[PDB]
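Structure first, then comments.
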Amino acid sequence: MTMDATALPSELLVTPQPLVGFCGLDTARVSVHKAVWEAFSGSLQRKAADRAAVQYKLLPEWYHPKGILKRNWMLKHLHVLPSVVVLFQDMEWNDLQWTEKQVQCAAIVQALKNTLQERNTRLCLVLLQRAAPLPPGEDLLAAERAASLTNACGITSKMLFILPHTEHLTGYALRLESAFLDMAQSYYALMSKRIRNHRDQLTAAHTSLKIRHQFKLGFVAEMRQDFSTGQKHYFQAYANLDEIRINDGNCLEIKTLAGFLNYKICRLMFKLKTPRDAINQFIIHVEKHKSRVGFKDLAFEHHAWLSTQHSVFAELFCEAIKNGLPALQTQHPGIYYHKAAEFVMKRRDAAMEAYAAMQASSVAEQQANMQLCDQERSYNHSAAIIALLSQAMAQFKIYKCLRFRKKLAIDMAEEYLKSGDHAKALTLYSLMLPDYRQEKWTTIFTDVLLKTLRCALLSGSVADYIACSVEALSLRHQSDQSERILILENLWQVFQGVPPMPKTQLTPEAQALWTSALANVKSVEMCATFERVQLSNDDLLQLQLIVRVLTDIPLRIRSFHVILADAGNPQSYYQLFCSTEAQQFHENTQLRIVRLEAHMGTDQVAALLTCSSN
Amino acid sequence: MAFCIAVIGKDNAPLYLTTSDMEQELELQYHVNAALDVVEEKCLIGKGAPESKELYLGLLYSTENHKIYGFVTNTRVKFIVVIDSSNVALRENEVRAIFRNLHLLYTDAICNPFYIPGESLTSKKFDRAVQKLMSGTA
Numbered sequence: 001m002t003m004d005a006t007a008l009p010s011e012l013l014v015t016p017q018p019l020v021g022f023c024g025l026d027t028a029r030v031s032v033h034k035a036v037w038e039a040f041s042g043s044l045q046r047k048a049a050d051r052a053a054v055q056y057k058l059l060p076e077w078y079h080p081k082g083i084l085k086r087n088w089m090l091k092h093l094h095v096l097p098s099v100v101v102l103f104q105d106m107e108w109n110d111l112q113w114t115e116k117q118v119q120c121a122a123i124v125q126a127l128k129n130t131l132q133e134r135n136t137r138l139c140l141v142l143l144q145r146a147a148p149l150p151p152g153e154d155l156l157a158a159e160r161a162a163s164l165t166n167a168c169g170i171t172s173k174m175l176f177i178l179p180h181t182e183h184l185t186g187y188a189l190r191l192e193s194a195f196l197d198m199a200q201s202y203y204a205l206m207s208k209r210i211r212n213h214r215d216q217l218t219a220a221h222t223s224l225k226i227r228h229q230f231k232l233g234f235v236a237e238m239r240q241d242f243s244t245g246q247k248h249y250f251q252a253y254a255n256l257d258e259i260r261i262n263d264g265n266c267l268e269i270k271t272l273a274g275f276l277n278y279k280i281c282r283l284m285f286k287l288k289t290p291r292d293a294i295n296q297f298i299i300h301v302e303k304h305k306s307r308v309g310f311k312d313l314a315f316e317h318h319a320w321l322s323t324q325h326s327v328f329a330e331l332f333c334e335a336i337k338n339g340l341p342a343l344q345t346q347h348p349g350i351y352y353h354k355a356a357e358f359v360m361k362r363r364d365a366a367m368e369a370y371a372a373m374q375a376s377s406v407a408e409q410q411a412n413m414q415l416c417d418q419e420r421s422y423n424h425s426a427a428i429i430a431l432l433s434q435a436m437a438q439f440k441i442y443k444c445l446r447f448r449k450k451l452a453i454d455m456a457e458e459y460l461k462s463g464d465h466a467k468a469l470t471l472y473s474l475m476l477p478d479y480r481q482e483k484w485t486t487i488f489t490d491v492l493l494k495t496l497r498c499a500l501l502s503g504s505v506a507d508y509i510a511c512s513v514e515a516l517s518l519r520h521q522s523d524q525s526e527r528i529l530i531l532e533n534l535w536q537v538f539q540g541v542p543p544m545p546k547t548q549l550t551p552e553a554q555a556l557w558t559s560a561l562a563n564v565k566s579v580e581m582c583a584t585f586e587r588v589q590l591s592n593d594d595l596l597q598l599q600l601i602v603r604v605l606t607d608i609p610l611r612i613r614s615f616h617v618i619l620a621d622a623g624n625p626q676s677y678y679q680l681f682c683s684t685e686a687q688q689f690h691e692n693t694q695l696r697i698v699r700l701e702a703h704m705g706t707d708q709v710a711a712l713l714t715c716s717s718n
Numbered sequence: 001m002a003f004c005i006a007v008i009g010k011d012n013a014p015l016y017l018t019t020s021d022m023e024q025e026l027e028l029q030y031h032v033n034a035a036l037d038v039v040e041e042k043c044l045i046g047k048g049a050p051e052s053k054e055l056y057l058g059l060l061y062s063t064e065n066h067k068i069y070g071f072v073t074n075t076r077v078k079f080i081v082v083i084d085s086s087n088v089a090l091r092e093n094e095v096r097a098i099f100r101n102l103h104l105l106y107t108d109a110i111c112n113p114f115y116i117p118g119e120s121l122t123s124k125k126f127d128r129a130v131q132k133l134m135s136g137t138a
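From first to last, the protein sequence lines stand for chains A and B.
According to UniProt numbering, the first sequence holds residues 1 to 60, 76 to 377, 406 to 566, 579 to 626, 676 to 718 in order.
Mapping the second sequence onto UniProt numbering, position 12 (from 1) lands on 12, and the numbers just tick up by one.
Quick look at the structure:
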């Protein structure tokens, strides 16, 4: 009435299936019963369609509805009440043991039916036989047994069954499956009759009860593989939810109900091979819900639910893929993963100012908001962003997508930086520069480059630091000149061991990081100019390569080395006296330079723009 | 109604200004807008982003407040404006006309002998061509 219709998150996320249960038993009877139990699970072994959909639980102002009034009654409707109960003993004709088992089985099934009457589950009686098969029509004592047991508890003869050995037990377990299915379905149809005869009446326009009735009958139809009546009922329940215009800040219960039935309807669509329907539903719903909230909006609201909603819908997509629905994938494989990811980022941000407002001051219900603040503080982990982008990246790769995986990877790296775990971030950036450099998009390339330098300096990975710095040098004309100069001087500093000057930009811990390093770390665009390739019998070659500098700020002129190329035999412009080659070797000789060995100001470039052949 | 103009070469982008009808594009997605394109290629490229037809791409790529409409020529040039309007009452017909206009303006900047093809569009004239396009159809 005033309480919530249903409060179960992730209700029956698993495929709803028929559920038959029966009384708990000791280890030795179940030890004889083993073969029967793995005969049951052979359906799990066999293909799912060959598997009977049933499952095994193995237990030990109008007036409100019965069994429907509560969400806990509802959860009971899930599993707590199997639609079939079967009492297990062995059927064994005997002399005195026969009578003893008669008396005891009669009494126990008597209590069992005393339990089962109100819950209306019918109690079918199936008994094991290890003895030789009985020819029907031969034993009149079997007839007396049937009479006595049937009159013991009112369970009819047809309900009674016999459990033979495996070669027959297989087919008879299967026909048992069929009978259990039939009587469960009869139960479910009856229970739906209950629902409908309740539905005819109304509690003077509450319609929450109506939603409960549709949702219960959704259980029923989903359960019975109808897949249709339930989804119609879900549609109608959601509609009547809508006609309930929001009274007040209690939009959250509405949104939760919406998400529940929304999952239900979408997945039921996916069961029915109606992807377009599902897509339109989920969009319609999510922007409806975006428009839903106006206030409070404690920034818990609209963020967590929306992210979870996208999450669930991508999960439904994956369910569809498991089914085999590629119509939705060929358009876009991992649609809502990274929308959910951006929503959880927004959620962390919202948490930031939620904190901030909590520092403002903190007479009714306010303590609840306080525990809310604390609980979302628990949520400040935001590794969920990482997981969501992980799934998004995988799914994007699934349809041969590189850049969305590449951009969400930059998002991963940047949140790693917010995570502080700059190491993984620099690993990502290290992988991500090459593709940007091939891509030539000169805008983005420097934009990621400055962040990559930031990661290198914080990490103290001086090798990557210098490499990305020198590639920035090669074409740094987009940025300001003095910054180029500072980069270069920091580079020389670190080649000869001096820490970089942005000391306030650095922290003592990172100081330790890169003071520690360089123990293993060892060893502007210009051109190689060879005057004479394909050497003849006698010649000489001097400094003809021309070291053009694209950077404005000059490279300091101290030294340089060129390593004599092994091709064949092992051996503002600045033109100078270096002039290595002055000797004679064998003819038909060519040359090709690995790296600059740039000892001008720096020791060496460590980045391969020392072209071999232009 | 932000038309992130972007001509693309074979792979890289010769001109991609950030202008609209009213004034400059403040939103800081530019280099990552080009990154939207590098996912419009290598992903939303399929076997399709290059074709041998004057390319109608009614929303080859879509997202919130950002809708990509594409075009490709036999010379493998990528012509893309973005519909940065969740929705405005403009229907694809004038978008087709706009890609006609953009085709013509680009190829008349191409008409320069001095400007080597595949380089940043130097022409302040082809600029004002794009600028009138934006000021008109945004």
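The beta-carbon is built from N, C-alpha and C at its ideal position, and this holds for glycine as well.
When you compare the CB of residue i with every CB in chain B, is at least one pair closer than 8 Å?
| i | result |
| --- | --- |
| A/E334 | no |
| A/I226 | no |
| A/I487 | yes |
| A/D490 | yes |
| A/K450 | yes |
| A/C511 | no |
| A/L445 | yes |
| residue 62 of chain A | Missing from the coordinates is residue 62 of chain A; the shown part of chain A jumps over it, going from 60 to 76. |
Can you tell which of the options has its C-alpha closest to the C-alpha of residue i?
| i | options | result |
| --- | --- | --- |
| A/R291 | A/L138, A/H347 and A/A510 | A/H347 |
| A/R227 | A/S163, A/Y253, A/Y203 and A/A219 | A/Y253 |
| A/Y442 | B/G46, B/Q29 and B/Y56 | B/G46 |
| A/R160 | A/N109, A/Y203 and A/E133 | A/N109 |
| A/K461 | A/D478, A/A437 and A/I428 | A/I428 |
| A/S614 | A/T706, A/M581 and A/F585 | A/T706 |
| A/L529 | A/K173, A/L516, A/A147 and A/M89 | A/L516 |
| A/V36 | A/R260, A/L156, A/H183 and A/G463 | A/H183 |
| B/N101 | B/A34, B/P14 and B/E54 | B/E54 |
| A/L695 | A/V588, A/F488 and A/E192 | A/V588 |
Tell me, please, whether the CB atom of residue i is closer than 8 Å to any CB atom in chain D?
| i | result |
| --- | --- |
| A/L90 | Any reference to chain D falls outside this structure, whose protein chains are A and B. |
What does a CB cutoff of less than 7 Å around residue i pick up in its chain, not counting 5 residues either side in sequence?
| i | result |
| --- | --- |
| A/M475 | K449, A452, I453 and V491 |
| A/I618 | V698 and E701 |
| A/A510 | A710 and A711 |
| B/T18 | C4, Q24, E25 and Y30 |
| A/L432 | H353, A356, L451, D454 and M455 |
| A/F40 | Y56 and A188 |
| A/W535 | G705 and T706 |
Below 8 Å CB to CB, which residues in the same chain sit around residue i once its five sequence neighbours on both sides are set aside?
| i | result |
| --- | --- |
| B/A109 | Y115, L121, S123, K125, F126 and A129 |
| A/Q117 | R160, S163, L164 and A167 |
Does any residue of chain A have a CB that is nearer than 8 Å to the CB of residue i?
| i | result |
| --- | --- |
| B/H31 | yes |
| B/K125 | no |
| B/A109 | no |
| B/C43 | yes |
| B/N74 | no |
| B/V39 | yes |
| B/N87 | no |
Checking 8 Å against the spacing of the C-beta atoms, do residue i and residue j come in under that value?
| i | j | result |
| --- | --- | --- |
| B/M1 | B/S135 | no |
| A/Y352 | A/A435 | yes |
| A/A466 | A/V505 | no |
| A/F358 | A/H304 | no |
| B/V88 | B/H66 | no |
| A/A314 | A/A365 | yes |
| A/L142 | A/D105 | yes |
For residue i, list the residues DSSP reports as bridge partners.
| i | result |
| --- | --- |
| A/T495 | DSSP output for A/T495 lists no bridge partner at all. |
| B/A2 | B/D84 |
| B/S62 | B/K67 |
| A/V308 | Partner(s): none; A/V308 has no beta bridge. |
| A/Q597 | Paired residues: none, contrary to the question. |
| A/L178 | A/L143 |
| B/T19 | B/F3 |
Tell me which same chain residues have a C-beta within less than 6 Å of the C-beta of residue i, skipping the five on either side of it?
| i | result |
| --- | --- |
| A/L19 | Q55, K57, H94 and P97 |
| A/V124 | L102 and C168 |
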